[PDB]
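Only one structure is covered here, and it is reproduced in the block below.
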């Protein structure tokens, strides 16, 4: 019942349209957010105060 | 040979862990899948206005 | 294949992002009541400021 | 010495996976995933692009953000340690004004 | 086996927590879009006062 | 009613079954005609064999992809997420906690936003007036503090 053709085809085409060549973009997002959140978390005591 | 291969595959699934993983994934979006997509579109508009 | 290659590409840059997001989220998540009370008080004060 | 799995053992393992594995949840999960991706693949792609832009811009200002955090911390510490004077002002000045 | 073990470790009992995460994310994003003109005004007009 | 042809078992006599049992309302009168839009046929063994062969050939291993799409995706997910189970669990818990805390104060936060918007939109045009005011205030309070007493 979960192997219905319409849902599988729509999911597959959408995943293709979304992740086509976006490895570099996602790597950049991960690195930038890692650096920003580490910088913000180094001020845990400051934010608490 | 086909039965041996299927058995070798099936001995690795360990249905307890698969069951808890699938239950967590199903509860994660049990009733909000259109809401999350509308959220992504709304965030797209937000970033298009903020950047 | 697309999912396989995307996971292959963006795997080495994942653990650092997970750790950073976890730490920054725990910075606020262990102060839930304080944040909510702060937002309520800020709502009162800012409404007073904006009305006048 | 060994023995090939029988059809009974193979089907028993498959049935164990199918019953004790939470298979019905899949037909929910996939369904909801469909609702996420129905007619919004282009918009999710451009959202990924704009999120990259936004996160890069914030990372370019993380030093200013932490400097503002330290500065606000110091100012709020001083005001908190003078809160008594703040309370006295709020009690006594509005009637005078 | 390794992937299923990792998925079990990552998604042990996070049903309610992930549900709350997704609901909060969608609500915050929708309300933020509904209130984007005040955010634009704050961003583009708070600079002059603070700079002065 | 929908007349469907059924194959009860591996070897059997196929039968026409009227699927919806009668519960009332109008009834199937004599001489009625059922078109193709309300009839069904069994799956047939040839179709099963054709689809099984097609899916095994197209989604199976190839010389360029020795493990096939499913083998490659499970290998990439197993190696790309090795040792990140606990970290992902902690990140998801923290993110859920923080986002729930923000969502419970979402109305207050956006009330703050809508009020600060009016405050700033009314106080932004007078930036030079504010600089003039601060300089005038310093000049005025300097007039009474030229000496100590």
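Couple of notes before you dig in:
- Order of D:28, F:131, E:22, F:33 - criterion: other Cβ atoms within 10 Å of each residue's Cβ, fewest first: F:33, F:131, D:28, E:22
- Listed residues F:31, F:94, F:107, most fluctuating in chain F (Gaussian network, C-alpha, under 10 Å): F:31
- Rg over Rh for the stretch F:1-41 works out to 1.04, using Cα positions for both radii and the Kirkwood form for Rh.
- For the protein assembly as shown, the 222 nm mean residue ellipticity estimated from helices alone, with every DSSP H stretch of n ≥ 4 adding -39500 (n - 2.57) and the total spread over all residues, rounds to -24000 deg cm²/dmol.
- Placing dummy labels 7 Å off each Cα toward the beta-carbon, the span from residue D:82 to residue C:40 is 2.9 nm.
- Note on the protein assembly as shown: percent of Cα-Cα distances in each 20 Å bin, starting at 0 and stopping at the bin with the largest distance, equals 16, 43, 25, 12, 4, 1.
- Here each label is just a point 7 Å from Cα along the line to Cβ, and for residue F:104 and residue F:35 those points are 6.0 nm apart.
- For chain F, the convex hull drawn through the C-alpha positions has a volume of 518 cubic angstrom per residue.
- Percent of C-alpha pairs per 5 Å bin in chain B, short distances first: 5, 16, 11, 11, 11, 10, 10, 9, 7, 6, 3, 1, 0.
- Inverse mean reciprocal Cα-Cα distance (Kirkwood Rh) of chain D, Å: 21.5 Å
- Modelled label reach - residue F:7, point 7 Å along Cα→Cβ, the stretch F:32-46 residues with backbone N closer than 14 Å: F:41-46
- Per-pair calculated FRET efficiency, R0 = 30 Å: residue A:2 and residue F:65 via Cβ, rounded to 0.05: 0.75
- Shielding of D:9-20 by partner chains, average beta-carbon count, 10 Å: 4
- Residue by residue along D:72-82, Cβ atoms of other protein chains within 10 Å of the local Cβ number 1 on average.
- Legend: ranking of residues D:67, F:90 from fewest to most surrounding C-beta atoms inside 10 Å; resulting order D:67, F:90.
- Förster-model FRET efficiency, 30 Å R0, residue D:96 and residue E:51, C-beta, rounded to 0.05: 0.40
- Exposure proxy ranking, count of Cβ atoms within 10 Å, fewest first, for A:40, F:59: F:59, A:40
- For the peptides A:1-11, E:39-49, the ranking by mean Cβ contacts within 10 Å, running from highest to lowest, is E:39-49, A:1-11.
- Shielding of peptide B:3-10 by partners, expressed as the average count of other chain Cβ atoms within 10 Å per residue Cβ, is 6.
- The overall shape of chain A, judged from the alpha-carbon gyration tensor, is oblate: a/c is not under 1.5, and a/b is no greater than b/c.
- Chain C: translational diffusion in µm²/s, Stokes-Einstein, Kirkwood Rh over Cα pairs, 10 °C, 1.306 mPa s: 110 µm²/s
Positions of Cβ are generated from backbone atoms using ideal geometry, with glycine treated the same way; all protein chains shown enter the neighbour counts. Each value in this text was obtained by applying a stated rule to the coordinates, not by laboratory testing.
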